[PDB]
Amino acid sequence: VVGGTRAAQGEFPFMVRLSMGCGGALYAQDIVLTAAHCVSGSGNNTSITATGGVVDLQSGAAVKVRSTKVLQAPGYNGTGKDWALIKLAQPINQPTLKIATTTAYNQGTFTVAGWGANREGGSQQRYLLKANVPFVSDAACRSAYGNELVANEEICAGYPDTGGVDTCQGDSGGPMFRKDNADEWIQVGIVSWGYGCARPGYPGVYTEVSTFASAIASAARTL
């Protein structure tokens, strides 16, 4: 996260750090929702580690659990459909994060969090950083990315005018969230891609969770 600040221990307890260098959110206590590009494909896999319960990755309080299976979005090919579920060997006993099933919240100011670089080509962070980034319409985002944007599957956020605050390398797979009408956190995006980090005219692109909600809920049931 570029232009970020330290999140407090316990602020976003649903966050997990994945061993390949991606963030994730606890969809279920033993199911991590992350990006498709963080994994190589679906199947049994006990090679991933999820670190949950701490803002400080070096914390002795860290909970580290191994995966058992991975379900990448069917047909992922690098264009859209940027989501995957990771089944854990054991539950991480922390609050989960609800996902958006409608588009009612795909607007306003979102919060992003991660242990990714705080600058282009910078290094991974020890402590979880957070930032607020505003929604950018598909049209304004398209004015920047052209045909690379899959409007129905992607939601943009950031400051088109000045840049300055954004997600960056290593933040991928992390949730982009905000409060719902019940003042509960709700997941509207997955960190997916962008050109550079925090540059004027290039907002961050995120998986538009509302589009894939049903697909995700169903896959989660079979895991």
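Throughout, we count residues from 1 along the sequence that is shown.
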- prompt: Quick one: higher average CA temperature factor, 119-127 or 75-83?
  reply: 119-127
- line: Avg C-alpha B-factor, entry values, 131-139 vs 101-109, higher side is 101-109
- line: Reading the B-factor column for Cα atoms of 170, 41, 175, 196, the highest value belongs to 41
query: If you compare 30, 161, 154, 166, which has the highest Cα B-factor in the entry?
result: 161
task: Classify residue 93 as lowest, middle or highest third according to the C-alpha B-factor given in the PDB entry, relative to its own chain.
output: middle
- line: Entry-reported C-alpha B-factor of residue 187 relative to its chain, by third, is middle
message: Could you place residue 35 in the lowest, middle or highest third of its chain by Cα temperature factor, using the values in the record?
response: lowest
task: For residue 207, return the chain-relative third of its C-alpha B-factor as stated in the PDB record: lowest, middle or highest.
output: lowest
B-factor third for the C-alpha atom of residue 26 within its chain: lowest
